[PDB]
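Working notes, beginning with the structure itself.
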Amino acid sequence: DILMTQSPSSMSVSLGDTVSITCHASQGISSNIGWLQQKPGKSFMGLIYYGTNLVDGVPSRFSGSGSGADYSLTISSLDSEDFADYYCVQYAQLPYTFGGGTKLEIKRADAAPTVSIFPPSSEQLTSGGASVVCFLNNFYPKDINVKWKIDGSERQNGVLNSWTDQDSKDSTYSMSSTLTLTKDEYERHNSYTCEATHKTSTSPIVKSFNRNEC
Amino acid sequence: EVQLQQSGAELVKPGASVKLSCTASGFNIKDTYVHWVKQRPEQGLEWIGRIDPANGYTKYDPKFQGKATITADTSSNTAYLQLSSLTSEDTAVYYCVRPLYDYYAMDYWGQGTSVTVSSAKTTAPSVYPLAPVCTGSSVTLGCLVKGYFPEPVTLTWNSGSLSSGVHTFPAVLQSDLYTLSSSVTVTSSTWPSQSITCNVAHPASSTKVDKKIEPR
Amino acid sequence: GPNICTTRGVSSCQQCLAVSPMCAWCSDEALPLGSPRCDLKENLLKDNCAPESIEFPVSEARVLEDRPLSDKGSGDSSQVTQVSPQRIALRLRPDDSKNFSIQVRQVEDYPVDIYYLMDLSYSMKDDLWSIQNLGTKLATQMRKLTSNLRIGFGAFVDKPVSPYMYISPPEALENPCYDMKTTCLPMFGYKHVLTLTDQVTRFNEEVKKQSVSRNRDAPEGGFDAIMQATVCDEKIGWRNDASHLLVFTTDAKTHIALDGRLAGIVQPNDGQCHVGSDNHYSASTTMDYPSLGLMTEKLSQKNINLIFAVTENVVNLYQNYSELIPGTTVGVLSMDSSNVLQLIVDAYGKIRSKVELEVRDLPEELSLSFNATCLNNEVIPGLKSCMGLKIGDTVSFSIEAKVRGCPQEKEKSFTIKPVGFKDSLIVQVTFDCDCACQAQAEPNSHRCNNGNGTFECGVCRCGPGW
Amino acid sequence: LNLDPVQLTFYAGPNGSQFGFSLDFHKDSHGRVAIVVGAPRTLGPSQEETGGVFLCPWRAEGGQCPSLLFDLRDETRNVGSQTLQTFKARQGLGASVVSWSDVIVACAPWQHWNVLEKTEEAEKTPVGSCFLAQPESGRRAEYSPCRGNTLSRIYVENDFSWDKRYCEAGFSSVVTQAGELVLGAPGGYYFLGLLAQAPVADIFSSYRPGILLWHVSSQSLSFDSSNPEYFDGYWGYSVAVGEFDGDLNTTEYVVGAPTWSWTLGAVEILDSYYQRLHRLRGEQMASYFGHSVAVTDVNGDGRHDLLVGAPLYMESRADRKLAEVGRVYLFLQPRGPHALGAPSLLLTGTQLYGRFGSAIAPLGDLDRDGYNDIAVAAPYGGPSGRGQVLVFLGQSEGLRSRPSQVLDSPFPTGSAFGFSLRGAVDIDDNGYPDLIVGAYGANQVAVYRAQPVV
Ligand SMILES: *[C@@H]1O[C@H](CO)[C@@H](O[C@@H]2O[C@H](CO)[C@@H](O[C@@H]3O[C@H](CO[C@H]4O[C@H](CO)[C@@H](O)[C@H](O)[C@@H]4O)[C@@H](O)[C@H](O[C@H]4O[C@H](CO)[C@@H](O)[C@H](O)[C@@H]4O)[C@@H]3O)[C@H](O)[C@H]2NC(C)=O)[C@H](O)[C@H]1NC(C)=O
Ligand SMILES: *[C@@H]1O[C@H](CO)[C@@H](O[C@@H]2O[C@H](CO)[C@@H](O)[C@H](O)[C@H]2NC(C)=O)[C@H](O)[C@H]1NC(C)=O
Ligand SMILES: N=C(N)c1ccc(-c2ccc(OC[C@@H]3C[C@@H](CC(=O)O)C(=O)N3)cc2)cc1
Ligand SMILES: *[C@@H]1O[C@H](CO)[C@@H](O)[C@H](O)[C@H]1NC(C)=O
Ligand SMILES: [Ca+2]
Ligand SMILES: [Ca+2]
Ligand SMILES: [Ca+2]
Ligand SMILES: [Ca+2]
Ligand SMILES: [Cl-]
Ligand SMILES: [Mn+2]
Ligand SMILES: [Mn+2]
Ligand SMILES: [Mn+2]
């Protein structure tokens, strides 16, 4: 099959910027390429077909170009609606093969996260479980690494992370980490910590609590 | 206008079979090719196959040979995709596609059909209050929804009252069950000054539990 | 008593004869002033007119050539006679009419040419196999009717051009049966194979070396071939003194004029020969199919008897074309041409079962009427065509020619000929309107008003210019 | 009657280009009339016959004309694990041209097409193609509805049903006043014949270069049939439009089928949904009844009348002998919803092999007497066989049985003078409608100006 290498995987840009997505194929496809758009939590809309030709209804700020195995999607002067996913698809040969994707994201100034740790609830502990929660709200950029420490030692088994899409108001992301242990194993130890590694701080932002003690 | 109106989301068990639909609106399905595309967050987009509804002839990616079966009935102006011997990896969103002008293109897309394969039964969530530990100017509370099936769940603070300064996180599959969490941030003079309640509704099992957050 | 000759009160010998074929003129000097010079021949001798001065032409008809009808068309060097008489002299006076006869015989043992023009499109593959021995089988059956037999062979498909011809892949040009599991010949419009010869075993051995081709459209360019087989006299080898039989076989519809526009061909068929030394029709890809009217013109010009030997699924189609091309005969061909032998013999019998007269170069003022004697001495008035005849039978026609007034040209000639026959009857007509005494006229006579006139045949006429 | 046969105007093209095979009047955005001429054998780039189109401005002197340039390069596109191919060699671009508004439609009925998939193929066949142009703006587009991508094997399996491989679309053409191009394809459905309709504006908006295979949703092709009467009937040899139902919102179609029902030939009147209203049957076989159809109101009752040409009709004469001369049939539309009855008038040619009826052009009102007139061509008729165009005037009871004027060919023998015709357009702006005649045999076009009645 034909491999569609789409790059970059994501980019942070601002309204009015002129950006350029590229798509590289494993062989010549002679402008037999299309471009797609998927607005957050919605379906797809056609943008380009046969390399350069616009789909009816699409604005003229979009444009496709390239030949052989290298093609380019360009957006002149971004609009607030233009922040979404973008995929390339080739139909020079069956089976059709898509690109990995490219997400346009709002750029802004960096922001350190607001960490907050939460021991298991009273109701949960009485049932036979024990989940420590660690929230990391409002930050930028998205690149972040969470680490769980039980009595200072790292723990990777039983973690369950979750992220949000870029917030509509302040253009910041947020994260939720959930360590899940049995009630018996939760009490074998005393200290609980979640370290946060961001580019906003060479030193990791730490928050922790101790069992029993409060 | 050209519009492709697919079937509603399906919820099925492994090994069973499902048959999705794709009704044409504002034109004749017989006019052009009809493709099916599978979408997953990690594996991205994958092309299943195509059909010419005028004659019934089809083409498939070798990856889906066996599971996918595309058909079309010009009478109801509808195209179908049948999936057999379902698996946890068959959990994906399925779109139908047709071209605009170019015979071979992929331009118009239906809204998509959400498929979920799981052995899980209809289980009610477990709502847990998350109060901080025994200081600053901004306080943050939480609320954990664990072990419910199937999706989705609606979550509000004070029955839609406290809306700003909230972050509700996507559900995550924890061993055939879902886990969802939500946070909220106010000032220190609001809590425990004002009662804050976590309102969770799971219409599947029809349960609307509410847990008020209590300090330690 | 007085009649139309006298009561008209004529002024000259010329006007006297113009009254009625029964009038006559007396050119004698000793004739009473009160007695008329223009009366019946009985009344003038009654009035003592000199017999040598009596101008009374009698319309007659005497033979000049009267060869006997030949009993056998075999042998001879075109000295066969099938029309009698061959030439007569006719004399008519104004508004008169004379009658003469003509004999026609369908001679026994008359030479025959048979050119077998065959569809070799892929729908005819099995037909080729069943006619391999046809030449010897056909020599055996015709031997009963003629001792002079020559046979030839031609073959057609369609115009070797798109879309009639498959043009992809490149292999399909050398072998149109490429996408099948066999081989066949490249497309060819029409090709001459064997000139008309009496060595019948040349037929069998050229047939055994022929094979079929394949085109795209069920109708086949057969008419292209009927043309070339007709207007290429020397190459096909039609003999001058022989019955010409053109046998056309096909199991499908045929292309007609203006169908060629679908190949980009718009040039009308010129009706000329275009078959070279390579024995292939070179204008197949540049010149449209012929029209039925152009085909009839050439078939009549070369005395060709066309024979549609087609299959049941298209008999009605070709029966209808046969009605637009007179003299054409149709026979029903089986789906493998096994019965083609009996078909041809029946057609030849049906062809020579009719005698239809034709008139060429008939003057405007002459009109003809015919009486037919077909079967057993049975007269059929107002008819000039016998039917249902056999080889050896003989018919005869009675003919009457009626002239209107007197034409300017005093000697013309026209012909009576049966359709398809070599011999004919030439009628040399002579219009006797003038008097012999006019040749000895006296211009500017002392007897006529002091020379102001002219004295001819015993009367005074006003001279030229008055 | 009042066409000027003394002071003609001559336009001319290259030698052997068949300049004048097809023509029509063309008005630009300013109403300035020109003449579009098709030359289906004009040399292309590779010194090979491809055809060409010329757009002649109006000059009483005439002369050479500038070309209306089109893409003459063979095209190839590798897509969908297939290879699409177009072959413009010997396509006959200009074998029919037609104008509507500021747009020209020139067609190449013999443009070839083939699709390759590994070792199989669709077969290289003449699907036909039409090229559209807007001379003032420079816009260009194409339309070829019979192009397909089905391989040769499938057609054999499904028994050649719906086989649009030999359409030769663009053979004949016409455009409705609403702007709907209608192509005749006598080779559609394995030489059954189909029609293809599509709005001009949709053609321009749905065309992009290099696509070769694209959809036009608003298009409408006729239907295949299993009736042997339509077999090898070339349904679509000639086409025209008019009003024959009484409803003024719908446009009706007239189609020629000169070899319908075993070369009996026929003409059929249809609705815009290709449903048959009436069917005029041929009188004589191989007469090619339906070679040319024309529509105009000749008796001045506002109801369009129909004229059909049968240029090979053989007239009966003395001694049971026939004589190919050609014949034209007039059908007068009856008041209200009633079938078109027997022909109102039979015009029969005189010159043997003259092909009287090969072309028929409505002239409008030539002598300005209230009735529309027509012109009939006999491209090999006249006492010299050089060609003749006869004019017949309209009257209250149809048409006059005898011509009012006869135009003898000013060209040498074999010019096919009269093979194409077009009238009913005032080109010199003197109030009187004029006539343009083509002689592709001589590669020239002659313009006859109408003058006040003497
Ligand atoms: C070769 O040529 C022959 C003609 O010589 C064609 O045969 C004719 O075909 C036409 C079309 O089918 C026939 O026309 C029809 O005639 C009917 C009346 O026929 C009467 O008279 C004949 C005389 O022999 C009798 O045999 C018959 O039994 C009847 O007594 C009409 O009623 C028909 O009209 C109806 O049908 C037509 C459609 O066909 C409609 O348009 C009409 O409105 C109406 O519904 C029709 O007019 C004709 O009679 C045939 N003649 C003969 C002698 O058979 C062949 O078809 C032709 N073959 C080929 C291959 O071209
Ligand atoms: C053909 O036969 C007709 C009779 O069927 C002939 O007409 C008659 O000829 C006789 C001859 O004595 C006349 O007396 C009759 O008056 C004729 N009857 C008519 C004309 O009605 C005719 O003469 C014959 N023609 C030829 C050339 O022999
Ligand atoms: N309803 C339709 N649209 C329709 C109608 C008719 C046909 C159709 C198709 C193929 C036919 O035969 C082709 C060659 C001719 C001949 C070979 C030779 O003569 O060499 C032979 O055997 N096969 C004949 C008819 C297809 C479709
Ligand atoms: C002319 O007719 C008469 C009367 O029937 C007949 O006796 C005579 O033989 C005919 N002439 C010829 C030359 O046959
Ligand atoms: Ca209407
Ligand atoms: Ca009218
Ligand atoms: Ca008039
Ligand atoms: Ca004018
Ligand atoms: Cl003979
Ligand atoms: Mn055949
Ligand atoms: Mn056969
Ligand atoms: Mn054929």
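FYI, nothing fancy with the structure tokens labels: chains A, B, ... in order, residues from 1 per chain, ligands from 1 as they appear.
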
Exercise for the section: For ligand 1, collect every residue having any atom at a distance of at most 9 Å from a ligand atom (counting only C-alpha atoms and all ligand atoms); output as a list in words. Expected result: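 Taking only C-alpha atoms and all ligand atoms into account, the residues around ligand 1 at most 9 Å away are residues 313, 314, 315, 316, 317, 318, 319, 320, 321 and 323 of chain C; 261, 262, 263, 264, 279, 280, 281 and 285 of chain D.
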
Exercise for the section: With a cut-off of 8 Å and counting only C-alpha atoms, select all residues of chain A in contact with chain B and give the selection as number ranges by chain. Expected result: A: 34, 36, 42-47, 49-50, 55, 91, 94-101, 116-121, 123-124, 135, 137, 160, 162-164, 174-176, 209, 214

Let's have the selection written as a compact mmCIF listing (two decimals), in the first residue's frame, with C-alpha atoms.
# COMPACT_ATOMS: atom_id res chain seq x y z
CA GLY A 34 -7.42 15.27 -1.29
CA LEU A 36 -10.13 16.94 4.77
CA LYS A 42 -17.93 16.77 14.44
CA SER A 43 -17.81 15.02 11.07
CA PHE A 44 -15.62 15.71 8.01
CA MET A 45 -15.83 18.38 5.30
CA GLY A 46 -14.10 18.18 1.94
CA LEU A 47 -11.53 20.87 1.16
CA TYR A 49 -9.59 17.25 -4.58
CA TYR A 50 -7.10 16.41 -7.35
CA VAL A 55 -14.71 21.87 -2.98
CA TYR A 91 -6.53 7.74 -4.26
CA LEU A 94 -6.49 1.09 -4.01
CA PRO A 95 -6.68 0.75 -1.08
CA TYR A 96 -7.04 4.43 -0.22
CA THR A 97 -4.68 5.49 2.57
CA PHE A 98 -4.88 8.54 4.82
CA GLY A 99 -2.34 10.63 6.66
CA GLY A 100 -1.81 10.52 10.40
CA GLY A 101 -3.41 13.92 10.94
CA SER A 116 -4.27 19.57 43.55
CA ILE A 117 -4.19 16.12 45.17
CA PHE A 118 -7.20 14.30 46.65
CA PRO A 119 -7.12 11.21 48.91
CA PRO A 120 -9.77 8.48 48.60
CA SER A 121 -13.23 9.45 49.77
CA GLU A 123 -17.53 6.23 50.80
CA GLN A 124 -15.02 4.57 48.47
CA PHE A 135 -5.76 17.40 38.93
CA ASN A 137 -5.67 22.58 35.53
CA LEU A 160 -5.48 6.21 34.48
CA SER A 162 -7.23 11.87 30.91
CA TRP A 163 -6.81 15.20 29.10
CA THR A 164 -9.14 17.92 27.83
CA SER A 174 -6.02 20.40 31.69
CA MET A 175 -5.28 16.87 32.88
CA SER A 176 -6.62 14.31 35.37
CA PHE A 209 -0.38 14.05 51.44
CA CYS A 214 -4.32 15.46 58.33

Practice task
Find the residues near ligand 2. Use a cut-off of 9 Å, count only C-alpha atoms and all ligand atoms, and write them as a count of residues only.
Solution key: 18

Exercise for the section: For residue B:176, list every protein, DNA or RNA residue within 9 Å, evaluated using only C-alpha atoms, and leave out those in the same chain fewer than 6 positions away; present the list as a PyMOL selection string. Expected result: chain B and resi 118-120+147+149

Those same residues, written as a PDB file, in the first residue's frame with C-alpha atoms?
ATOM      1  CA  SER B 118     -18.166  -4.710  25.011  1.00  0.00           C
ATOM      2  CA  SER B 119     -19.308  -7.631  27.142  1.00  0.00           C
ATOM      3  CA  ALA B 120     -20.219  -5.179  29.913  1.00  0.00           C
ATOM      4  CA  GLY B 147     -17.342   1.930  36.978  1.00  0.00           C
ATOM      5  CA  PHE B 149     -21.570   1.418  31.494  1.00  0.00           C
TER       6      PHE B 149
END

Problem - Near-residue C:304 list (9 Å; only C-alpha atoms; drop same-chain fewer than 3 positions) as a list in words - result: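 Once the adjacent positions are removed, what remains is residues 230, 243, 244, 245, 246, 298, 299, 300, 301, 327 and 420 of chain C.
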
Handout entry: Residue set, stretch 92-183 of chain C restricted to strand (DSSP E or B), as a PyMOL selection string
Key = chain C and resi 92+97-105+112-119+121+149-156

Practice task
Name the residues, by chain letter and number, that sit within 6 Å of ligand 7 using only C-alpha atoms and all ligand atoms, and give them as a PyMOL selection string.
Solution key: chain D and resi 365-373+393-394

Produce a table with one row for each residue of chain D that has an atom at most 12 Å from any atom of chain A, each row naming the nearest atom pair and its distance in Å at one decimal; use only C-alpha atoms; arrange rows by chain and rising residue number; format as CSV.
residue,atom,partner,partner_atom,distance
D:76,CA,A:30,CA,10.7
D:77,CA,A:30,CA,8.1
D:78,CA,A:92,CA,6.5
D:79,CA,A:92,CA,4.2
D:80,CA,A:93,CA,4.7
D:81,CA,A:93,CA,4.3
D:82,CA,A:93,CA,7.7
D:83,CA,A:92,CA,9.8
D:84,CA,A:92,CA,11.7
D:117,CA,A:93,CA,11.0
D:205,CA,A:56,CA,9.4
D:206,CA,A:56,CA,9.5
D:207,CA,A:53,CA,10.4
D:208,CA,A:53,CA,7.7
D:209,CA,A:50,CA,9.7
D:210,CA,A:50,CA,8.6
D:211,CA,A:50,CA,7.6
D:212,CA,A:50,CA,11.3
D:213,CA,A:50,CA,11.8
D:214,CA,A:50,CA,11.3

May I have the residues from that selection written out with N, CA and C atoms, as a PDB file, in the first residue's frame?
ATOM      1  N   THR D  76      -3.687  11.425 -20.100  1.00  0.00           N
ATOM      2  CA  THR D  76      -3.502  10.190 -19.351  1.00  0.00           C
ATOM      3  C   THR D  76      -3.533  10.511 -17.862  1.00  0.00           C
ATOM      4  N   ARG D  77      -4.248   9.687 -17.096  1.00  0.00           N
ATOM      5  CA  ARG D  77      -4.359   9.864 -15.651  1.00  0.00           C
ATOM      6  C   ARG D  77      -4.372   8.498 -14.985  1.00  0.00           C
ATOM      7  N   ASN D  78      -3.425   8.272 -14.075  1.00  0.00           N
ATOM      8  CA  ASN D  78      -3.324   7.023 -13.329  1.00  0.00           C
ATOM      9  C   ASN D  78      -3.956   7.232 -11.958  1.00  0.00           C
ATOM     10  N   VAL D  79      -5.127   6.631 -11.750  1.00  0.00           N
ATOM     11  CA  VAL D  79      -5.919   6.865 -10.550  1.00  0.00           C
ATOM     12  C   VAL D  79      -6.761   5.627 -10.280  1.00  0.00           C
ATOM     13  N   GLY D  80      -7.056   5.391  -9.003  1.00  0.00           N
ATOM     14  CA  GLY D  80      -7.896   4.270  -8.618  1.00  0.00           C
ATOM     15  C   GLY D  80      -7.374   2.924  -9.064  1.00  0.00           C
ATOM     16  N   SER D  81      -6.050   2.749  -9.077  1.00  0.00           N
ATOM     17  CA  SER D  81      -5.409   1.544  -9.604  1.00  0.00           C
ATOM     18  C   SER D  81      -5.847   1.266 -11.041  1.00  0.00           C
ATOM     19  N   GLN D  82      -6.093   2.332 -11.800  1.00  0.00           N
ATOM     20  CA  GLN D  82      -6.466   2.256 -13.203  1.00  0.00           C
ATOM     21  C   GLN D  82      -5.710   3.335 -13.965  1.00  0.00           C
ATOM     22  N   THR D  83      -5.754   3.247 -15.293  1.00  0.00           N
ATOM     23  CA  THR D  83      -5.152   4.251 -16.163  1.00  0.00           C
ATOM     24  C   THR D  83      -6.204   4.723 -17.154  1.00  0.00           C
ATOM     25  N   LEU D  84      -6.514   6.015 -17.117  1.00  0.00           N
ATOM     26  CA  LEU D  84      -7.496   6.621 -18.003  1.00  0.00           C
ATOM     27  C   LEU D  84      -6.788   7.275 -19.182  1.00  0.00           C
ATOM     28  N   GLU D 117      -6.565  -1.532 -16.583  1.00  0.00           N
ATOM     29  CA  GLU D 117      -6.384  -2.040 -15.224  1.00  0.00           C
ATOM     30  C   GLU D 117      -5.568  -3.325 -15.338  1.00  0.00           C
ATOM     31  N   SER D 205     -19.212  24.516 -14.222  1.00  0.00           N
ATOM     32  CA  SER D 205     -18.873  24.548 -12.803  1.00  0.00           C
ATOM     33  C   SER D 205     -18.367  23.203 -12.297  1.00  0.00           C
ATOM     34  N   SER D 206     -18.759  22.107 -12.939  1.00  0.00           N
ATOM     35  CA  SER D 206     -18.361  20.775 -12.505  1.00  0.00           C
ATOM     36  C   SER D 206     -17.200  20.211 -13.315  1.00  0.00           C
ATOM     37  N   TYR D 207     -16.587  21.015 -14.180  1.00  0.00           N
ATOM     38  CA  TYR D 207     -15.435  20.581 -14.956  1.00  0.00           C
ATOM     39  C   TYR D 207     -14.152  21.142 -14.360  1.00  0.00           C
ATOM     40  N   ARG D 208     -13.125  20.295 -14.289  1.00  0.00           N
ATOM     41  CA  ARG D 208     -11.773  20.694 -13.944  1.00  0.00           C
ATOM     42  C   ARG D 208     -10.841  19.908 -14.856  1.00  0.00           C
ATOM     43  N   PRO D 209      -9.751  20.518 -15.317  1.00  0.00           N
ATOM     44  CA  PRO D 209      -8.877  19.830 -16.274  1.00  0.00           C
ATOM     45  C   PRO D 209      -8.106  18.691 -15.623  1.00  0.00           C
ATOM     46  N   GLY D 210      -7.914  17.619 -16.391  1.00  0.00           N
ATOM     47  CA  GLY D 210      -7.167  16.467 -15.938  1.00  0.00           C
ATOM     48  C   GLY D 210      -7.972  15.422 -15.198  1.00  0.00           C
ATOM     49  N   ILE D 211      -9.230  15.713 -14.859  1.00  0.00           N
ATOM     50  CA  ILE D 211     -10.048  14.755 -14.122  1.00  0.00           C
ATOM     51  C   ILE D 211     -10.482  13.610 -15.028  1.00  0.00           C
ATOM     52  N   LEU D 212     -10.852  13.926 -16.272  1.00  0.00           N
ATOM     53  CA  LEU D 212     -11.186  12.950 -17.307  1.00  0.00           C
ATOM     54  C   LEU D 212     -12.485  12.204 -17.008  1.00  0.00           C
ATOM     55  N   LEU D 213     -12.673  11.748 -15.772  1.00  0.00           N
ATOM     56  CA  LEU D 213     -13.913  11.102 -15.348  1.00  0.00           C
ATOM     57  C   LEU D 213     -14.478  11.877 -14.162  1.00  0.00           C
ATOM     58  N   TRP D 214     -15.581  12.591 -14.383  1.00  0.00           N
ATOM     59  CA  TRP D 214     -16.211  13.377 -13.334  1.00  0.00           C
ATOM     60  C   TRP D 214     -17.724  13.316 -13.483  1.00  0.00           C
TER      61      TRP D 214
END

Exercise for the section: May I have the residues within 9 Å of ligand 3, computed using only C-alpha atoms and all ligand atoms, as an MDAnalysis selection string? Expected result: (chainID C and resid 119:125 157:158 212:220 251:252) or (chainID D and resid 156 159:164 188:193 223:228 230:232)

Exercise for the section: Could I get the residue neighbourhood of ligand 5 at 12 Å, counting only C-alpha atoms and all ligand atoms, as a ChimeraX atom specification? Expected result: /D:176,241-254,269-273,277,303-304,336-337

Practice task
Give me, please, the distance in Å between atom CA of residue B:205 and atom CA of residue B:124, quoted to one decimal.
Solution key: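 According to the coordinates, atom CA of residue B:205 and atom CA of residue B:124 are separated by 6.0 Å.
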
Exercise for the section: Using only C-alpha atoms, determine which residues lie at most 7 Å from residue D:64, disregarding the query and same-chain residues fewer than 4 positions distant; provide the list as a list in words. Expected result: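 After dropping sequence-adjacent residues, the list is residues 11, 12 and 13 of chain D.
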
Could you dump the residues just selected with N, CA and C atoms as an mmCIF file, in the first residue's frame?
data_model
loop_
_atom_site.group_PDB
_atom_site.id
_atom_site.type_symbol
_atom_site.label_atom_id
_atom_site.label_comp_id
_atom_site.auth_asym_id
_atom_site.auth_seq_id
_atom_site.Cartn_x
_atom_site.Cartn_y
_atom_site.Cartn_z
ATOM 1 N N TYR D 11 -16.007 32.760 -46.860
ATOM 2 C CA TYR D 11 -15.005 32.441 -45.856
ATOM 3 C C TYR D 11 -14.355 31.114 -46.226
ATOM 4 N N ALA D 12 -13.088 30.946 -45.853
ATOM 5 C CA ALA D 12 -12.341 29.780 -46.305
ATOM 6 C C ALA D 12 -11.364 29.322 -45.233
ATOM 7 N N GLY D 13 -11.073 28.021 -45.241
ATOM 8 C CA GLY D 13 -10.139 27.440 -44.306
ATOM 9 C C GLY D 13 -8.998 26.722 -44.998
#
